[PDB]
Structures are given as structure tokens and as C-alpha cells.
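Heads up: the structure comes next, in C-alpha cells.
All Cβ positions, even for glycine, are placed from backbone atoms using ideal geometry, and neighbour counts span all protein chains on display. Basis: the model, the stated rules and, where named, an outside source; no laboratory read-out is quoted.
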Amino acid sequence: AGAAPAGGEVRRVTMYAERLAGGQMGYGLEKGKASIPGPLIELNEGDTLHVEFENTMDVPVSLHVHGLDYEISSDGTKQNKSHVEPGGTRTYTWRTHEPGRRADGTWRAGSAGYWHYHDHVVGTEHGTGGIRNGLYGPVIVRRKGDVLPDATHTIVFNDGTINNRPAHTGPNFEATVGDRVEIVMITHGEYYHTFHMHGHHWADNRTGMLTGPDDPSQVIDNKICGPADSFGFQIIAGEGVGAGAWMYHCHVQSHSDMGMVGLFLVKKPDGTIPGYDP
Amino acid sequence: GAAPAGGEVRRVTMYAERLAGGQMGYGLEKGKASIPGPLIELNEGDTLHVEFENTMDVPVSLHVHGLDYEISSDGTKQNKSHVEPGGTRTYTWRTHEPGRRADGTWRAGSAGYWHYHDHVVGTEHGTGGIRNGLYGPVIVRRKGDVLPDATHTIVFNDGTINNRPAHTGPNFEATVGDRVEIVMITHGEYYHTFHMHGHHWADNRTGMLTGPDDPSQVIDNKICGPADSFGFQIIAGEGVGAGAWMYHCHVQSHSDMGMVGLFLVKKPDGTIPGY
Amino acid sequence: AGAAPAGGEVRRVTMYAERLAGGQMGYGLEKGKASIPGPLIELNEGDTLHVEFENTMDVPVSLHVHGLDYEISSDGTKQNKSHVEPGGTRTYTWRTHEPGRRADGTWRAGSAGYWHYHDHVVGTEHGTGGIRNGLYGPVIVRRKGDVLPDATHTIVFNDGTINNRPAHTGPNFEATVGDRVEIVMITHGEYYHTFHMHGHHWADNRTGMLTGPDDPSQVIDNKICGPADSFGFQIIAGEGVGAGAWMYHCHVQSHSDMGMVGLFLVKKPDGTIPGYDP
Ligand SMILES: [Cu+2]
Ligand SMILES: [Cu+2]
Ligand SMILES: [Cu+2]
Ligand SMILES: [Cu+2]
Ligand SMILES: [Cu+2]
Ligand SMILES: [Cu+2]
Ligand SMILES: [Cu+2]
Ligand SMILES: [Cu+2]
Ligand SMILES: [Cu+2]
Ligand SMILES: [Cu+2]
Ligand SMILES: [Cu+2]
């Protein structure tokens, strides 16, 4: 229960790229704790982030980010010699800005939104191998006053997997009726997808909720997405529909049949989920 | 005509039936199933009880997008909310108006262009049921929405329009000046792009800009994937006049192989120049 | 540069459809100077354009435009005999209109937007051959008061090529830090794509810029698009990021690996590009 403050802090974090089991690779904030997706990075508009990056891996790796402000030296491409050699370290810097009126009279959009970072050098100079291996994660940049959620869950459609998981293994997320639940939805790889949530719905705009009665944004429960698309939203769990095992899945039929499905488990306050019997 | 405030409790019967050629369809009366299924129209606030009967020999279900439904009306075998052969079940859809929540945020209303479809035939995601034709449109209107003269539903289902054989339309007729509503739904395996000659719409809830402050892009071509639904109203012939106005998927092999139809816009005298 | 005036002029131009080398086909405003993409057409809402069209080729050809007001005789399809026979001429007329209140109290959208024209009869009755061969070009319709760019660049994803160019050959576009640069981005053919620009971002609305602090449009740097989609935007070159070779590419991973890539070369005021060697 709260809102994002105004930003402008200089922030620091250590990040590592590490091999994981089965040919996978992940980003982590502590050694041996790499995850797919990588760790959620949250900033308020105006914040600067210095990522003190370490490549623990035996092959080059990079960190490229969407939406945020970065100089070429933090592009994270071989083009710009801003990759990281094996065993090497590098500080990537991401800046963000508030919205404001330009001198030419136009309005400059702020950095706020649902973004993501990923590798750009593993396998190919566009990171095809590193992204396939799991080198991706979410970045939320919040505008002053944006509503904060009770929990945030990241769902990545990477080719024919969710979060590089084996088919038919979710992931599942739990909430209680009334929780404000934030979804970060990212796509990667070769395929288009359509993200669908049973029992819930959001506005197709920056925050996923209408700004008020004048917001003409479409309200949807199904959204087409392709490689490197990112969007997000906040829903009220069970709003107008109640507790239950609410499925979410890609709606491309073969993709849902092959396992691109998971559960949003919404509990009443007493913890019950009517009719859930897996 | 403009939509009123909703709030009524409404009722329909619906049946799932086998149709010719391994197809299956929904209908509001027995032996009268259609593909797409019947158009369901509600005002925000309405409740709909669908007294549903599975007349076929395989399980079927009814799952809806966008509307408010309890988990018992999800329409999946996972919840045992499917309908066994010969069975019946009442699925209930509710709808709500927009309004501010107690937490201070704005809750969107139910209004928009939605759809219902099977979730259990062939697979536990309805792949065979959707392929066979078990889909239909639902429109929920907001108080004050302008009402159209006609509503036409165009479903891109895999490589087909409305499960029709290639190059068989469908076509739709209007008169210049008619306010025509299009419901545009996609199902199956493929992405598509919907395109209309001679006409354009806003990429927002209603397909019409709300006024001069609406920044929505105006378009005549829209990418869509399985279970996407959108809709819009056009003034037939507005700024362009009468004629056989093509619509089609703009994916080139799809338009070449048959996902094309005609919006046949008539002069007042009933004729179409150039057709 | 400034702002678009109110429209309402009646304009005329010659257009030719011509064969080019390698089995290609292009539109041009001067005989012998066709190009792929075709010439940029720019109109202010309310303007009329009479295109005096000549088919110099040995196959029937047409001119079909998106978004604009055209009568059935300027549809440019075989079904109403508005194609152009080999050697023939025809006047295609495009009209446009301002937004306005209808007498019924509803709001009529204006013609403004990022549009395109292309063939509709070469090879198939949907122009599959003509489009593949290069018969496509951009149309911009501006609203009174739209900000004018310093330059406009057109990027067409046509099947697996950019602008029918051999793979890995760009195109590249040059700008100086602070330039107001306009991108028109058109897709054609068989495939879906995702368009991504490093170092830059835009608003997913008509103009690509937020109208002000009440515009809830998502700000993005990645956008899914399919055959005959058109969108555009304006960016301030290097805004918040500095000079550099800023890659743009399809983000479908194999497409970026197969050469659907180019460079937005943003130069320092001294004309140099840091970290880039030509
Ligand atoms: Cu890139
Ligand atoms: Cu998918
Ligand atoms: Cu659903
Ligand atoms: Cu990327
Ligand atoms: Cu489902
Ligand atoms: Cu298609
Ligand atoms: Cu067209
Ligand atoms: Cu569905
Ligand atoms: Cu066409
Ligand atoms: Cu591509
Ligand atoms: Cu077209």
C-alpha cells in the first residue's frame, strides 16, 4: 500500500553471469544465486544505476537494456566493445529521466515502464545463444505516484518455454483475493505469442490500469507479443471473479498444448481455492 | 441509438452440436448451431445465465474472455466446469461498470469486443473444438455507446475465415452512410493482419476516437493472434463512396490462398459501382 | 523544423512503375529514377493529391494506398478495373480530411498518420509478386501543428529483407545529436517481425510522442508488426544517450542473425562517431 517516490538516487548493485545446469546461463545478484529470469531491477524515474558486472563464465557475455538511458559504452554489444570477456568485470551504467516539456515545446516522455535486460553476445552478436540459455530479466522504472503492488511476478515466453522451464511445469504464482498483483511479461526468441489470463483483465497502456474515465485504452485479457516485447500491468486478484486456480497461458493453440501454461492460484482469506485438485 | 445503463438479469439457452464435416458449433436453438456462434450482446452491469446443453458425444465447454465469471464457470475440465455428453450446466457471466476503487485507482468497465469458445475438445485447451468451429462473439456496451445499424463478425481461424472454404468470403452488405460494426476475432495457430479497403478506425475500445484529445493511432491494418478480439464501427462509404470494398488478411499467402471477403457498400438505389 | 500548416491544397505529381535490376520493380516520381522504397509522399490533412501514373512495365500494375480517402476507381485492384495496363496511364486521386464533429455528435477521425502505398495486382490479385519485387513506398499525412522533422527515413521489413537490400547491408541512417529524426516503419510480405532501436524510445500512438502529461500511451523501444502494418515516430537523436552507432534491427533472433540489421549513426557536432570505424 503506497506509491513510488520521486527518484534521483545514485544506486549500485553487483551482478554476475554464471553457467547453470544443462547448458543454461543466468544473471544473479550474488554468486551461485543466478536465476532465470534474472533478478528484478526496480528504479524510480531519475535514478542512476551502476551495475558492477562480473562475467564468471568461460565465454564472453554482455548486458543490454531496453528503454532506459545508456551511453554507447553501456550498450552491451561487441559492435561497441562493451561486452565482458571471460572472468572480466565492467560497470554498466543505466540512467533514467522524468517526463518534461522540451524547449521546442514538445513533451519528452519519461523512462517509466516495464522493461528488460538480456545478453547480446553469446552464440551470436545478437545474443541468440545467451537469450536461449536464460540471460534475460526484468526492469521496472516507476513514475512518481505510480501505485506499488503487493507482489511482482515475471513471466517470460522464451521460444516455446516459460522462464526456460521444462514444458508443463508452470510456473505457478499464489495470491489472496484482493491482492494487488503486478505482472511483468517479456517475450524472447523466434516466435510470436499471445498472453492470456483466465478471470482477469487489464488496460493496454503504460501501467495496465486506466488513468480514469477519460482513458480510451483498450481493455484486454489477451495480447500478442513477439521477441523482446515487454509490457506489464497490475490486477486485483479475484476482482469480480473470486478465488480459484486461474490459468494463464500462451493462447497459440499448439503452444498451450505443449506446455506454455501456469496457474495464478487465488486464495480466499481463509486460504481455500474452490475446486483446485491438481 | 445509444446503449443504456445495464443491470438486468438475462437468460439464453445454448447448445453445442456437431455440424457437417467434423465441424461443431454453438447455437441458441437446437439443430440451429452456427459458425461463428450466435452474437451475445450485454450492457455493462447485465448478468447472463447461459443454460448450456452438450448435444454431442464428446465433452465440451464454454469459456469466455473479458467478462466476470466465477471459477465454476471457467469452462475447463481442470475445474470440472466442462459439460459431459448429453449434460447440461448453467454458465454465468457478469459485467460491471467502470468506477473508482476504494484504493483510489480506476477500475475499467467490462465493455469491449470479446468472445467465447470451447476449452476441452481435442485437448484441454480446446484445440480441436476451436478448429471445429466452437467460437462466438460477445459485445459488452457502455452506457452512451453509439449503437450500429448492423454487426458483422469476422473470425480468422487458422487459415480460414469463419471455417469457410478458401475464396468463399464471407461478404457483408451495407448502404453508404450505414454505421457498421465489425467484431474481429482470431483463433488457432497463426498470426494475421486484418485489413479493410476504403475504411479506417481508431485502435482503441470502440474503434472511434472519443474526441480531439484521444491520441489513439488511426489504422486500417492490425496484427492479431489467437484469442485476440477487437472491434470498431465505420460509416460505410465515408469519404470514399459506394463499391465492393475488399477486406482480407494481409499476410500475402493468406490473402492469396483465400482469406478475403467483400464489404459491399451500396448506393441508395441498391447498386454497387464497378461490381 | 517547425509545425505543419492547415491543409487543403490540391497537389499533382507524376509517378512511374518501372522494372529495376534483378527482377525488381519500383515506383518513382521521374522516369528512370524509380526506387525501393518508393518516394516519400507528404500531405497536410485536407490536401488532395492527383497521381498521374504511368506503367512502363510489361505487366499490369496498380497503386493501392492505406488510410487515405480514395474512391473505388482509385482502389488500385483488378476487381474494379483500377489497375494500369502495360504502357497505360491513369490518374489516381487521394484525398484527406481533418478531424471533426459529425452532426450525430460523434468524432470523425482525421486522415493524419503514417501510411503507405503498394501494388495490388502483380503476380496475384493481392500483389504478392509486386510487393516482393519492391512496389511499396511511404505516405505521411500531417495534422495542423504536428512538429516537422529535420529528416525522415523509411525502413521497410519486406519478407526477410530491409528495403529489398541484400542481407547485412543496412540501410544506415546518419544524424547529428539533437536532430529531430522521423522514422516510417512499414512491413510487407509473409512474416511477422519486431522492430527495435538501441538507445532510443518512442510512444506507441499516432505521432510517436506523448501529447503531454495526460497521455497514457506505452513508451516502447520494440514493436511487433506484420504485413501491411505502418507506424512512425520522431526521436531526438542521442537524447539522453549521446553519439554512437545505434543499432536498429528486427528482434526476431534468427532475423537479426540473418542480416535484418542497420545503424542509426548519431554523430557528435564535429561529425565523428565515438567507437565506430567506417
Ligand atoms: Cu540489439
Ligand atoms: Cu506461444
Ligand atoms: Cu480465457
Ligand atoms: Cu534487445
Ligand atoms: Cu485457457
Ligand atoms: Cu492471415
Ligand atoms: Cu489496403
Ligand atoms: Cu480463450
Ligand atoms: Cu487489399
Ligand atoms: Cu524480422
Ligand atoms: Cu495493402
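Of the residues in region C:193-204, at least one is away from chain B (no Cβ under 14 Å), touching a helix residue (DSSP H, G or I) at 6+ places or on another chain (Cβ under 8 Å) and away from ligand 11 (no atom under 16 Å from the Cβ).
Residues that are at the interface with chain A (Cβ under 10 Å from one of its Cβ atoms) and in contact with a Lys or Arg (Cβ under 9 Å, 6 or more places away or on another chain) were ranked within region B:118-144; the one that is nearest to ligand 5 (Cβ to nearest atom) is B:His119. Would you mind stating whether A:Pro86 is more than 9 Å from chain C (Cβ to nearest Cβ), surrounded by fewer than 21 Cβ atoms within 10 Å (Cβ to Cβ) and of a type outside the set (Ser, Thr, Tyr)? Yes, satisfied. Remark: pairs (first residue in region C:84-96, without any contact (Cβ under 8 Å) to a residue 60 or more places away in the chain and of a type in the set (A, V, I, L, M, F, W, C); second residue surrounded by 12 or more Cβ atoms within 10 Å (Cβ to Cβ) and in a loop (DSSP other than H, G, I, E, B); Cβ separation under 7 Å; 6+ apart in sequence or on different chains) = C:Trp94/C:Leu68; C:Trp94/C:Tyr70. When each of A:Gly105, A:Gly100, A:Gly130, A:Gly145 is tested for being away from ligand 8 (no atom under 16 Å from the Cβ), small (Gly, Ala, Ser) and crowded, with 17+ Cβ neighbours inside 10 Å, the lone residue that passes is A:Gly130. With a requirement of 1 or more residues that are among the β-branched types (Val, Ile, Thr) and away from ligand 6 (no atom under 12 Å from the Cβ), the strands (runs of 3 or more DSSP E) lying completely within region B:177-247 that satisfy it span B:179-187, B:229-235. The single condition from (1) within 16 Å of ligand 5 (Cβ to nearest atom); (2) surrounded by fewer than 16 Cβ atoms within 10 Å (Cβ to Cβ) that B:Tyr69 fails is (2). C:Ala103 fulfils the conditions (1) part of a loop (DSSP other than H, G, I, E, B); (2) assigned by CATH to the domain that holds C:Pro269 except for a single criterion, (2).
Pairs meeting the criteria (first residue in region B:250-262 and outside the structural domain of B:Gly159 (by CATH) and within 9 Å of B:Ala166 (Cα to Cα), second residue in a loop (DSSP other than H, G, I, E, B) and within 16 Å of ligand 4 (Cβ to nearest atom), beta carbons under 6 Å, at least 6 apart or on different chains) are lacking.
Restricting attention to region A:110-126, the residues that are buried (at least 24 other Cβ atoms within 10 Å of the Cβ), out of contact with any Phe, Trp or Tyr (no Cβ under 8 Å at 6 or more places or on another chain) and in a loop (DSSP other than H, G, I, E, B) add up to 6. Filtering B:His152, B:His115 for residues that are within 12 Å of chain A (Cβ to nearest Cβ), under 18 Å from the mean Cα position of the chain (by Cα), away from ligand 2 (no atom under 16 Å from the Cβ) and in contact (Cβ under 8 Å) with a residue 24 or more places away in the chain leaves a single hit, B:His115.
Quick check, is B:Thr95 hydroxyl-bearing (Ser, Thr, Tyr) and either out of contact with any strand residue (DSSP E or B) (no Cβ under 9 Å at 6 or more places or on another chain) or crowded, with 18+ Cβ neighbours inside 10 Å (or both)?
Yes, satisfied.
Scanning region A:66-87 for residues that are under 17 Å from C:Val266 (Cα atoms) and of a type in the set (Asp, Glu) gives A:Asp69, A:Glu71, A:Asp75.
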